[PDB]
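Student:
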Amino acid sequence: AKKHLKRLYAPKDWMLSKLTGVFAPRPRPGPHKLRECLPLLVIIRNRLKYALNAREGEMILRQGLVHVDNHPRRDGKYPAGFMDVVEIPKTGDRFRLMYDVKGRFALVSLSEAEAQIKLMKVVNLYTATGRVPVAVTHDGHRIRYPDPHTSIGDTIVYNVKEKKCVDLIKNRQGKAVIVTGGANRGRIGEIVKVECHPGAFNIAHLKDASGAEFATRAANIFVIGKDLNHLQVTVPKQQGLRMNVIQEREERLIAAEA
Amino acid sequence: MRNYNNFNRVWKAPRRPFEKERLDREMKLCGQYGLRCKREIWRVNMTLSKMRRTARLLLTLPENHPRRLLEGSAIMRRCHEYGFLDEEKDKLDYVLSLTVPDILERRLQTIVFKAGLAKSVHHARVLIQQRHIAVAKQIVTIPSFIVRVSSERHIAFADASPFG
Amino acid sequence: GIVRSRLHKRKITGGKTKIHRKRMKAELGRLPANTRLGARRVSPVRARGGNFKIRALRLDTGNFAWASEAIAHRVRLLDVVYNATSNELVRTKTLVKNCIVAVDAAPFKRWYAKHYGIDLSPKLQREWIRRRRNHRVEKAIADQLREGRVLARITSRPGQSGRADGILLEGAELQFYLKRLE
RNA sequence: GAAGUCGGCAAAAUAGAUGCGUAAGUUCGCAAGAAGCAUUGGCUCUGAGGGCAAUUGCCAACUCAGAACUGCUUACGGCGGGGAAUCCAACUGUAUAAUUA
RNA sequence: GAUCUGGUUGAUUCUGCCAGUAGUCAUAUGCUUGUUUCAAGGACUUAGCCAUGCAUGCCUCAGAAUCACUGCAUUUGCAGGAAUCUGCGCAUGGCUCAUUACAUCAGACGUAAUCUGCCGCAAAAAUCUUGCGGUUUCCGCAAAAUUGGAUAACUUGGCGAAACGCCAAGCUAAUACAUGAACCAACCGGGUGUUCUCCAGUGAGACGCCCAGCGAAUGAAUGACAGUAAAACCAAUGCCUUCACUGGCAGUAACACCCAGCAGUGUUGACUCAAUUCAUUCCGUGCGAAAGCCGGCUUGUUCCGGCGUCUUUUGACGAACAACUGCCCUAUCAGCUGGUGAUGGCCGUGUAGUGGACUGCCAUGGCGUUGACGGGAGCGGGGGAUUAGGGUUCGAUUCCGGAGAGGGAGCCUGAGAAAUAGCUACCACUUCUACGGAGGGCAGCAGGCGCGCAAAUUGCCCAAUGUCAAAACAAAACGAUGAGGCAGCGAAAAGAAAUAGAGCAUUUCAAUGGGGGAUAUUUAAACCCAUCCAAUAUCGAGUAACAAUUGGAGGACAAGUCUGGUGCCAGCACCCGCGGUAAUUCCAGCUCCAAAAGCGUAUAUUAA
RNA sequence: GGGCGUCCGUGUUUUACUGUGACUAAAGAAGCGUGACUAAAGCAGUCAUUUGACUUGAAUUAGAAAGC
Numbered sequence: 002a003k004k005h006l007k008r009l010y011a012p013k014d015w016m017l018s019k020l021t022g023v024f025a026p027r028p029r030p031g032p033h034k035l036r037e038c039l040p041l042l043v044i045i046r047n048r049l050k051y052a053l054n055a056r057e058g059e060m061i062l063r064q065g066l067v068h069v070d071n072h073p074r075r076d077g078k079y080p081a082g083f084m085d086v087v088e089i090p091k092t093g094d095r096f097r098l099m100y101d102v103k104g105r106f107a108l109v110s111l112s113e114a115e116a117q118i119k120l121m122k123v124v125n126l127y128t129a130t131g132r133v134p135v136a137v138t139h140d141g142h143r144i145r146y147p148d149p150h151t152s153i154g155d156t157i158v159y160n161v162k163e164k165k166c167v168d169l170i171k172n173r174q175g176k177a178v179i180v181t182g183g184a185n186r187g188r189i190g191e192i193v194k195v196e197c198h199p200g201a202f203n204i205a206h207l208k209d210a211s212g213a214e215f216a217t218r219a220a221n222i223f224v225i226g227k228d229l230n231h232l233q234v235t236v237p238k239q240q241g242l243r244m245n246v247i248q249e250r251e252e253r254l255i256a257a258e259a
Numbered sequence: 001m002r003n004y005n006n007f008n009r010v011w012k013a014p015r016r017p018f019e020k021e022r023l024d025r026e027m028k029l030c031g032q033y034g035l036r037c038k039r040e041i042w043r044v045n046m047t048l049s050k051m052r053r054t055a056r057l058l059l060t061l062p063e064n065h066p067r068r069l070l071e072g073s074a075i076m077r078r079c080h081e082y083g084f085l086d087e088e089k090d091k092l093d094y095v096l097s098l099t100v101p102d103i104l105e106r107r108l109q110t111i112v113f114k115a116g117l118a119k120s121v122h123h124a125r126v127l128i129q130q131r132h133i134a135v136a137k138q139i140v141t142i143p144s145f146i147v148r149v150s151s152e153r154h155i156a157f158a159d160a161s162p163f164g
Numbered sequence: 002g003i004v005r006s007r008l009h010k011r012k013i014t015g016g017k018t019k020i021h022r023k024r025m026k027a028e029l030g031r032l033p034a035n036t037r038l039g040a041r042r043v044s045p046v047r048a049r050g051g052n053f054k055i056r057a058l059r060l061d062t063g064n065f066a067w068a069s070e071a072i073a074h075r076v077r078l079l080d081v082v083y084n085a086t087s088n089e090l091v092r093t094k095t096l097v098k099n100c101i102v103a104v105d106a107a108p109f110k111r112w113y114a115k116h117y118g119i120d121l155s156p157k158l159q160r161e162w163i164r165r166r167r168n169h170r171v172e173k174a175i176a177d178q179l180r181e182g183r184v185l186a187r188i189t190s191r192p193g194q195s196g197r198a199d200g201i202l203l204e205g206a207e208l209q210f211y212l213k214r215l216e
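So the sequences go chain by chain: 1, 6 and 5.
Counting from 2, one number per residue, gives the positions in the first sequence under PDB author numbering.
Counting from 1, one number per residue, gives the positions in the second sequence under PDB author numbering.
Quick note, the third sequence lines up with residues 2 to 121, 155 to 216 if you use PDB author numbering.
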């Protein structure tokens, strides 16, 4: 039962210098998995800069000033992974935690009304005691009495304010999907088709905007909206697109002139 | 332990310790560029070899191969800056022909002497450590500072020096 | 103590495994609890997540099911008749799963009369009439019920669960053991 | 515990059966029961080993193995001490009836 | 830079090795050192032995305060709070490489074969209690549930040489432990009354009675379907039609009202699984609304807020099992395994679970020249050196994985241990004693002995990075942290770069930091670096005595047919060869050579 | 009346090799950007002009065999 987590063994995305510490904050079990999550401490301290130290971590957190999912969280070791909503009421900033292209956590800012909305993938669907059906979201919510249509692989648009499930999204043929995990992270596109493969991974072909093709294991697919033109969340400023590596570079030279 | 700070070699001693052909070529460079030691030669042999060697690898490669464009242009840019090469020359074959003087001509010691702020190169090397030369508003005490070609206009003298 | 690992065994090829490790607590055998007929005894053991499993030293009554009728009844264990592993376990009477047993049989009679009216309220008489139809009872059973002892096969695992529960044997196997028994 | 004595002479010792185990040397046959370790009673049971007659029925005579319980005061007769080497004769045999085998 | 050179012959051309030289975060050692930046540092031999100190504990507004404790005190007390019970943690971190070749490990799969505290999302109507009166220790009226006895600190007596050693008796708490809650309060069922209410016996209706909660046990059912389109005969039953069971298939999910659709349909690649129903069970080895706490209050017999806890459940952080491919040298190791498990089978047992893991019976298999078995060296890898390429080698060491705490074994507690700064024992060592006894475990960080070619301070600090925790900070009131960080020691390696510049005699025009020092900056504090020699006002170098060394000068190999001394001596020389009286080689002086704050030598390794 | 999608019932090909693609810890190595005064490093910083801006940067590649 390990407790400490070392820098070099922390995931690279927390983006913490090899020098300047032996350890990284180890996230507790929680909604999101260890290897894919960003602790609150790394959010306020390293990302938002509201705290220059871990000492100022508890100063800010243990006061419960920093909300995720409407609930005040006291723990800097709390994992907040993806689709999460991190609100700070004091300053009045609002963040969705979505993946950036290039496979990194980016904090999307969003309007007051859109922080109500949280949409979560259906990881499992089972029957509870007394025939209650339940759906276990990628997030970790157990959601009782979902839509009678929900199935594994579908997103449940979930209102975090009033606690209820609003409309869902299936997954078939073309539907906008953000890739989560496995080298295509953040890259968005329709499903062109899905390979079957009983007893093993389903490899799932996608198409970004402006055409391009790539695959993932279908457990990295997260549905969003009916068409790639309509998406029920706000994606980062580079939507799903990868630029060619030679176009990325020569645009950092032209801009380098100022 | 547990301290991850990467260090590396910048230079290499040659096989065949003394060949009168090389030693001759050495001294002829030491006196001309005002160098302290052979060590400072063997250094521009390795930064030139490393540079040269990746030019071969990329060159053996097919044209338009994604490394040859991106990684190939970047070696070919940085040699236009620093003025190892002339802005007239872009084949990437030219990188593959360079010589120890090209990188020594570009060393702040010779340039302060070439720019004419000093008698030859011994005045220039002392006059840098004496802290008087500044590159652009920045006092630069290292003789081996390689002078980017955009920065060869700005040298003049320090403002904390006698001379300002 | 007792260990479940493989570290002491000859490899397929016949050589010795050289043990570089010490024993672990994740490998354990709790001596057998050899159950027997008698007044109920129990020693509770706490195991591998804080869960208790009840060893039954010496249990008697036990709870027996009559399949094809979908029932059960709480009935003394009279005797341990047969066992497929050792013959000693019969002399000694150890109760282990899939032992065979003689069972008091008496409440099954009372159930089979209370249900079908047959002894081996006119609203409830006709119900009997309705339950008769579609239904028949193997002689070999009802012939055992007259005696008031029915061959059973104890289904619970009495060392782990701390209780002896079983089924009354049927004809497909009831004829196998009766022969195999005498 | 061989100090006895020419010398372990005489005495003691070993000991049945079953299982495991067994060196150098060798003419490959042996050495070998090498050396050495362990088991053994009484009682109540269980398994295996067959014949005959028309799957079933009836029957004789013994042996071996296994278990539970219980006991030893180690307790008839009978019955090898063993190991390391040298000399001689290859071996079994014969041979001074009445001092020499 | 895909490079070679000296030594076999009188000469030659070969084979062919020795010697040469270039690395090495490769270690040692020798001589030498001005300044800076970032670094390894008791691994190699003993996983040897250790004096002494520290190395984990943690409390808020929110679990228990008569300290016969300290402050304030016209309020019944509020403000700290030393200890002590209680809850959590000590199973992590640190160190170390002894063991170890279908083990461990890497990449890739699996648990549908399982346990999983803390943490996230959720679930929750089992229960005849309490008071008053009476009274049969039982009815009857009543409803904010006003439950119980004991323990520590503490006091009294104290035992003992001592001891992270103990004994009586007397007090008193709980979120410790033990008890326990009816109406509020629903829906859904199984079995049934010698029960009465009806209409003609597969009758319906009421009422009575025993049972109907999550979880666990056994048993039974469900956990779908798919290879066909009409008709009619019988009983029931529906519906239509009549007046009547009268005539008859129009209509069309089901169902005998109180719910006219409150489940006719869980999930997988696949399940004896999820879940539901029926029958018997569950006696502690499960289940409280902690009969718990402090805050709001505009307010109290349903005001409100944030914590604490039980049982159930499923995600997550994990645990433990299995093993698809691959891993050094040896045949002067060829057969290995099955007495007493060897490979498989059957019913069990044991386990958290699968399994010869184990008991009984049965079979005779299983492995091996594609190297089993045995032996030798070894923690595995990410990786490092060196390499044109291909390779050869190293990997005790920071990150992941495994193992151990002197040797062995056993175990308690717990969600997790076969734990060692936890217990029990034996062995080998050892420390106190009043002689009766009681102790110890540095492969934690410093440091000691020993060993060796071989390796630093018994230093400061939690400021940062993390961890545990009852925990924010501050306010009388800053948790521990030898993990970690900081400096000391430190020519292992790695970067930058001084020891002069300007116009052989001279002569003199500046310039610099080594060093000194600072209103200070730095830092937790101090250091080091950087900034500075006036900003009104502060140091300084000329034989630059502030003085560069280590190896060489016949050849390979760059540099003397100098001068002394020695005479096959002493010594040099990696190899070849020098020295026996004019020595290009020894010992010296001068002279030049290579590298240079660095340079020889030894052994190991790579290229050659 | 024909046609796709789904599920089920009834009536024959792989592998090496190669191309592409998934799936894969960081440190290390190769590499982009960047005047930490240079360099060994680092992942930073740069800019206005103040009471923030850059949607700030932190690219990308290799990494036996086996497995998909």
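For each residue, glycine too, the CB sits at the ideal point set by N, CA and C.
Quick one, which residues of the stretch 9-22 of chain 1 are near chain 6 if we go by CB-CB under 7 Å, in chain order?
Tutor: 19, 20
Student: Could you pull the DSSP bridge partners for residue 122 (chain 1) from this structure?
Tutor: 156 (chain 1)
Student: Within the continuous alpha helix (DSSP H) that includes residue 109 (chain 5), where are the two ends?
Tutor: DSSP places residue 109 (chain 5) inside the alpha helix (DSSP H), whose first and last residues are 107-117.
Student: So what does DSSP say about residue 79 (chain 6), is it helix, strand or coil?
Tutor: coil
Student: Which residues in the same chain have their Cβ closer than 7 Å to the Cβ of residue 94 (chain 1), if we skip the five residues on either side of it in sequence?
Tutor: Excluding residues within five positions, the ones whose Cβ falls inside 7 Å are 110.
Student: How far does the alpha helix (DSSP H) with residue 33 (chain 1) in it extend, from its first residue to its last?
Tutor: Here residue 33 (chain 1) belongs to no alpha helix (DSSP H), and DSSP marks it neither H nor E.
Student: Taking the C-alpha atoms as reference points, what is the distance between residue 69 (chain 6) and residue 145 (chain 6)?
Tutor: 29 Å
Student: What distance in whole Å lies between the Cβ atoms of residue 63 (chain 5) and residue 199 (chain 5), which are believed to be in contact at a cut-off of 8 Å?
Tutor: 6 Å
Student: Would residue 48 (chain 6) pass as an interface residue toward chain 1 - the criterion being a Cβ-Cβ separation below 9 Å?
Tutor: The C-beta of residue 48 (chain 6) comes no closer than 9 Å to any C-beta of chain 1.
Student: Taking Cβ-Cβ distances shorter than 9 Å, what residues in chain 1 pair up with residue 5 (chain 6)?
Tutor: 19, 20
Student: For residue 205 (chain 5) and residue 174 (chain 5), I'd like the C-alpha separation in whole angstroms.
Tutor: 7 Å
Student: Could you tell me whether the Cβ of residue 66 (chain 6) comes closer than 9 Å to any Cβ of chain 1?
Tutor: yes
Student: Are the CB atoms of residue 71 (chain 6) and residue 54 (chain 6) within a distance shorter than 9 Å?
Tutor: yes
Student: Could one say the Cβ of residue 85 (chain 6) lies closer than 9 Å to chain 1's Cβ atoms, at least one of them?
Tutor: no
Student: Around the Cβ of residue 45 (chain 5), are there at least 16 other Cβ atoms within 10 angstroms (buried) or fewer (exposed)?
Tutor: exposed
Student: State the beta-bridge partners of residue 145 (chain 1) as determined by DSSP.
Tutor: 135 (chain 1)
Student: Please report the Cβ distance between residue 37 (chain 5) and residue 93 (chain 5), rounded to the nearest whole angstrom; I am assuming they are in contact, meaning their Cβ atoms lie under 8 Å.
Tutor: 7 Å
Student: At a Cβ cut of 7 Å, what residues of the stretch 110-127 of chain 6 count as close to chain 1, listed as they run along the chain?
Tutor: none
Student: When we look at the beta-carbon of residue 228 (chain 1) and count the other beta-carbons within 10 Å, is it buried (16 or more) or exposed?
Tutor: exposed
Student: For residue 181 (chain 5), which three-state DSSP category applies?
Tutor: helix
Student: If we ignore side chains and look at the alpha-carbon of each, how far apart do residue 100 (chain 6) and residue 54 (chain 1) end up?
Tutor: 49 Å
Student: Would residue 27 (chain 1) and residue 78 (chain 1) be called neighbours here (beta carbons separated by less than 9 Å)?
Tutor: In this structure, residue 27 (chain 1) places its C-beta atom within 9 Å of the C-beta atom of residue 78 (chain 1).
Student: Any contact between the stretch 84-103 of chain 6 and the stretch 155-163 of chain 6? By contact I mean 3 or more CB pairs, one from each, below 8 Å.
Tutor: no
Student: Quick check on DSSP: helix, strand or coil for residue 80 (chain 5)?
Tutor: strand
Student: Quick check on residue 104 (chain 6): buried or exposed, where buried means 16 or more other Cβ atoms within 10 Å of its Cβ?
Tutor: Counting the other Cβ atoms within 10 Å of the Cβ of residue 104 (chain 6) gives 16 or more, which makes it buried.
Student: Over what stretch of residues does the alpha helix (DSSP H) that includes residue 217 (chain 1) continue unbroken?
Tutor: Here residue 217 (chain 1) belongs to no alpha helix (DSSP H); instead the beta strand (DSSP E) covers 214-218.
Student: With three or more C-beta pairs closer than 8 Å as the rule, is the stretch 90-108 of chain 1 touching the stretch 127-136 of chain 1?
Tutor: no
Student: Tell me which residues share the same chain as residue 138 (chain 1) and place their Cβ nearer than 8 Å to its Cβ, disregarding the 5 neighbours each side in the sequence.
Tutor: Same-chain partners within the cutoff: 121, 122, 123, 124, 144, 157, 159.
Student: Would you please verify whether the beta carbon of residue 236 (chain 1) is less than 9 Å from any beta carbon of chain 6?
Tutor: no
Student: Indicate the three-state DSSP secondary structure (helix, strand or coil) for residue 40 (chain 1) in the structure shown.
Tutor: strand
Student: Measure the Cβ-Cβ separation of residue 185 (chain 5) and residue 202 (chain 5) and say whether it is below 9 Å.
Tutor: Their beta carbons are under 9 Å apart, which means residue 185 (chain 5) touches residue 202 (chain 5) by this criterion.
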